[PDB]
Amino acid sequence: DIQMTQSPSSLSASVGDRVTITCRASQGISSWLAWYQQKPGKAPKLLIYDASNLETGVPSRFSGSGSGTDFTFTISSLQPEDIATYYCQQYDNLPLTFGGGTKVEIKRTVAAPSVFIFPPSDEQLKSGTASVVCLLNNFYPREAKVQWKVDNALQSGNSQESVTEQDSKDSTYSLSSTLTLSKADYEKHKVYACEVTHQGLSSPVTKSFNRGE
Amino acid sequence: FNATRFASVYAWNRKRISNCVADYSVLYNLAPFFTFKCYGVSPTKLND
Amino acid sequence: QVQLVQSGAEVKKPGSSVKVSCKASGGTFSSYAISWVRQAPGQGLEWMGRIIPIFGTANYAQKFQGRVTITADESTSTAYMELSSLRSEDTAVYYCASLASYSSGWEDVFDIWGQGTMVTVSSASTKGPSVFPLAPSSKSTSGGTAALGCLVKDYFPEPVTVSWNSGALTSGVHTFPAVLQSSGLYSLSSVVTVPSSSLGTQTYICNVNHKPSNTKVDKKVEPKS
Amino acid sequence: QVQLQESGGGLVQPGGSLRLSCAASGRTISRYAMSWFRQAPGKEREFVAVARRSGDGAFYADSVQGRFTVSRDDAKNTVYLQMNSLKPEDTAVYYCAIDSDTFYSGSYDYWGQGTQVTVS
Amino acid sequence: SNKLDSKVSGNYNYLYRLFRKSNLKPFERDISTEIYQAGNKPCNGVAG
């Protein structure tokens, strides 16, 4: 069956910068290939259906070209509202095959995270389960080490993480991790801590709390 | 000829033409075209 | 104008069969076509089938042939899809699409969807969330500001709205995506930031509404010193 | 440890160009992204530039993106940073640092050593 | 175009009008998709 790929898998540029991407397919063609603009959980917007062709209502901000097995797709300008993922689609034949995706986002100067930790409460412990959350707020890169340091000792394999997308208002990004434990394991230790280090930060940061207070 | 944006004869495509040369010795006569014909007058006469 | 209306949330046990709907409206029904698509929380798209209700012709993907069927009736002005052999992986947002691209030179690409129906397949049963607040300490303040929040646990099925009740009180509110427990129960997290001049005294209250049953749950967050 | 040090710099006339050199030995250089940092006299640290394996161009800070360029040599552990049309503003102490995390997307500021660059 | 525009059991996108109530005028085009009067009068979007 028809298979396709997109390269590169992600783009990052400042506001107003030029953007271009390419999509490769299994068989050489000169038409019947589409392009899409998609965001996490949102409806795609059609821009190209056939090689270098578009409908009424398609803005002049998008374009595409190519021949054979490789077709390019270019975007004249980028703005923060455009943080999305471009996709290529092909319908020369019925088994429609969809692209691997290319993320597009905004470049910016380094932003230092606002660090904070989230100690447990009594009602939580009465259920038999224990958990603690460590949060990084409004930092640029995709990830920064969020290390659990129970009793000043590093921990691994016992936490859950959640992620946000880039914020179009200021192009920042946030991250957090959630420790999980049982009340017995919770009370086996005495001191809880989380440590944060970051590109824009001056030195490693440690935040902690204790069972005795 | 080369647009091929008429995959279905239903809802076929139309175009209007004016103000050009119409050199039929090249048009409809290059290798890609498998068949070509004119009705009521030969292509040789239409060439001029 | 042309519009599509989809049903509400639907959930069923694994290995069952389910019926879904897509109500079409506007213009003339006979001139429209309907397609069905599935969208997970970040996995790639999946296309189920296609129908032309005016003429009754339909076709399918190889992955879903046999196990899925589409029927659409003009009199009820809605399109239907039949599903069978449901499994946990089907938990996603299910969309119906209109393929107007067949009669004006635009070919074989949609331009209109409905609102989308979230679906879930699990062995759990419907019930409300469990919520617990947290008590940050004064010694834990940072830069003269602190943050409070709540965690939402043990609710099923989705969708779920987690927020603070109303007003500008929502200043500095920030929420993160959901996760699914191995027991079949969903979860969520929320947080709000407050300066020194308003933390504690403002008496912040987090709220949750399990709209599949429209059950509202709220809780208070209190710092300590 | 991941030891790293600079070479070059010094005194140059304003408006000129000069090269700053940084090198390492005894360890693999590919598994980390190599970055640069800055500190004006008595001021806080500030990121400058960084280079990666793929060779898809580079990444720079706001104050240096439109004037400076960076490069690296994975087979010899030598990395370089270019200075063009120096100004009184850029008279500062620079640091050579490793994005000290294996095959990582982000970075962590492990500056190894620094040297002064000044405009006459 | 069969050399490059065909599928093993596909090419369903190629469409043409098989039935109509009356013949089209010279150089005329029709994009309507109403049910044909198959023996009986055209049914309004239904089976029959």
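Residues numbered from 1 in each chain as written, not as in the entry; some residues may be left out. Chains lettered and ligands numbered in written order. Part of a larger assembly, values for the part shown. Heavy atoms only, no water. Residues with missing side-chain atoms left out of burial classes, pairs and counts.

- Per the PDB record, the structure was determined using cryo-EM to 2.92 Å resolution.

## A closer look at the overall build of chain E
So, step 1. When you go through chain E residue by residue, the secondary structure sums to 0 helices and 0 strands.
So, step 2. Referenced to the eigenvectors of the C-alpha coordinate spread, the extents of chain E come out at roughly 40 × 30 × 15 Å. (Helix = DSSP H or I, 4+ residues; strand = E, 2+ residues; numbered from the N terminus.)

## Re the arrangement of the chains
So, step 1. Ranking the 7 pairs of chains in contact by contact count places chains A and C at the top.
So, step 2. No part of chain B reaches chain D; the closest C-alpha pair between them is 36 Å apart.
So, step 3. Left apart from each other, chain C and chain D have a closest C-alpha approach of 18 Å. (Contact = heavy atoms within 4.5 Å.)

## A word on the pairing of strand 10 (residues 109-119) of chain D
All names here are of chain D.
So, step 1. One ladder, built from 3 bridges, connects strand 2 (residues 10-12) with strand 10; its direction is parallel. Each bridged residue has a counterpart across the sheet, and for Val12 the counterpart in strand 10 is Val119.
So, step 2. With 8 bridges connecting them, strand 9 (residues 92-99) and strand 10 associate as antiparallel partners. When the sheet's bridge partners are listed, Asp99 is paired in strand 10 with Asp109. (Pairing = 2+ DSSP bridges.)

## A look at the state of the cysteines
So, step 1. Counted according to the given criterion, the structure contains 5 disulfides over all chains.
So, step 2. Put simply, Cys134 of chain A and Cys194 of chain A are joined by a disulfide, and their sulfur atoms are 2.0 Å apart. What sets the handedness of the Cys134 of chain A and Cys194 of chain A disulfide is the S-S torsion sign, and at about -95° it is left-handed. Of this pair, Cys134 of chain A sits in strand 11 (residues 129-137) while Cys194 of chain A is found in strand 15 (residues 191-196), placing the two residues 60 residues apart along the sequence. As far as burial versus exposure is concerned, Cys134 of chain A and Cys194 of chain A are alike and both buried.
So, step 3. Here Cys22 of chain D pairs with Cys96 of chain D through a disulfide, and the sulfurs are 2.0 Å apart. Residues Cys22 of chain D and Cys96 of chain D are joined by a disulfide whose S-S torsion is about -100°; by sign, that bridge is left-handed. (Disulfide = S-S within 2.5 Å. Buried < 20%, exposed > 50% of the residue type's maximum accessible area, 1.4 Å probe, protein only.)

## Describing the environment of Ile34 of chain C
All names here are of chain C.
So, step 1. Along the chain, the position of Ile34 falls in strand 4 (residues 34-39).
So, step 2. According to the relative accessible area criterion, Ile34 is buried, its value standing at 0%.
So, step 3. In this structure, the C-alpha to C-alpha distance between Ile34 and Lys219, residues 185 residues apart in sequence, is 44 Å.
So, step 4. Contacts of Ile34, omitting those with residues within four sequence positions, involve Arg50, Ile51, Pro53, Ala79, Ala97, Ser98 and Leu99.

## Comments concerning the interface of chain E and chain A
So, step 1. At the junction of the two partners, chain E supplies 8 residues and chain A supplies 5 residues.
So, step 2. In terms of residue class, the side of chain E that touches chain A is built from 2 nonpolar, 4 polar and 2 charged. (Nonpolar A, V, L, I, M, F, W, Y, C, P; charged D, E, K, R; others polar.)

## Examining a nonpolar patch on the surface
So, step 1. On the surface, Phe1, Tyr24, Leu27, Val41 and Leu46 of chain B cluster together to form a nonpolar patch covering roughly 460 Å² of accessible area.
So, step 2. You can see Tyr24 of chain B is positioned in the segment before helix 1 (43-46). (Patch = residues over 30% accessible without salt bridge, like charges linked within 9 Å, V, L, I, M, F, W, Y side chains within 5 Å. Areas by Shrake-Rupley, 256 points an atom, 1.4 Å probe, with all protein chains shown as cover. Salt bridge = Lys/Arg side-chain N within 4 Å of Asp/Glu carboxyl O.)

## Concerning the interface of chain A and chain C
Bring the parts together and some accessible area is lost; that lost area is often taken as the interface size.
So, step 1. Contact residues are listed per partner, giving 32 residues for chain A and 26 residues for chain C.
So, step 2. Together, the buried faces of chain A and chain C total about 2600 Å²; carbon and sulfur atoms form 66% of this surface.
So, step 3. The interface formed by chain A and chain C holds 1 salt bridge in total.
So, step 4. In this structure, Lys139 of chain C and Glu213 of chain A form a salt bridge, with 3.3 Å as the shortest nitrogen-oxygen distance.
So, step 5. The interface formed by chain A and chain C holds 2 residue pairs in polar contact in total.
So, step 6. The residue makeup of the side of chain A that touches chain C, split by class, is 18 nonpolar, 11 polar and 3 charged. (Buried area = accessible area lost by both parts, 1.4 Å probe. Polar contact = N/O pair within 3.5 Å; in protein donor to acceptor, adjacent residues only side chain to side chain.)

## Some words on the packing of aromatic side chains
So, step 1. For the coordinates displayed, the defined rule picks out 24 aromatic pairs over all chains.
So, step 2. Seen from their ring centres, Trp36 of chain C and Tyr94 of chain C are 5.6 Å apart, and the 25° between their planes marks the pair as stacked. With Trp36 of chain C in strand 4 and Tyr94 of chain C in strand 9 (residues 92-98), the pair connects residues that are 58 residues apart, well separated along the chain. Across the pair, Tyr94 of chain C and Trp36 of chain C agree in class, each one buried.
So, step 3. Summarising the aromatic geometry, the rings of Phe37 of chain D and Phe47 of chain D are spaced 5.8 Å apart at their centres and angled 70° between planes, so their arrangement reads as edge-to-face. A residue pair is termed long-range when its members are at least 10 positions apart, and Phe37 of chain D in strand 4 (residues 33-39) and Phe47 of chain D in strand 5 (residues 45-51) qualify at 10 residues. (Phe/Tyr/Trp six-rings, centres within 6.5 Å; stacked < 30°, edge-to-face > 60°.)

## Topic: the sheet that holds strand 8 (residues 78-83) of chain D
All names here are of chain D.
So, step 1. Spatially, the 4 strands line up as an open sheet ordered 1-3-8-7, and their pairing is antiparallel. Because the sheet does not close on itself, it has two edges, and the strands there are strand 1 (5-8) and strand 7 (69-73). Across the sheet, the mean angle from the axis of one strand to that of its neighbour is 20°, orientation sign disregarded.
So, step 2. Pairing analysis gives 5 bridges linking strand 7 to strand 8, with the strands arranged antiparallel. Paired with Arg72 across the two strands is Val79, which belongs to strand 8. (Axes fitted to C-alpha atoms, helices over the stretch in contact; angles between N-to-C directions.)

## Some remarks on the side chain of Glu6 of chain D
Residues and elements named next belong to chain D.
So, step 1. When you line up the elements, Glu6 lands in strand 1.
So, step 2. In this structure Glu6 is buried but unpaired, with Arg45 as the nearest side chain of opposite charge at 10 Å.
So, step 3. One polar contact links the side chain of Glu6 to the main-chain amide nitrogen of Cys96, over a distance of 2.7 Å.
So, step 4. Here the side chain of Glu6 touches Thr115 through a polar contact of 2.7 Å, side chain to side chain.
So, step 5. Apart from the residues lying within four places of it in its own chain, the contact partners of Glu6 are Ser21, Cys22, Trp36, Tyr94, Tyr95, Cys96, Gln113, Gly114 and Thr115. (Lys, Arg positive; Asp, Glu negative; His and termini not counted.)

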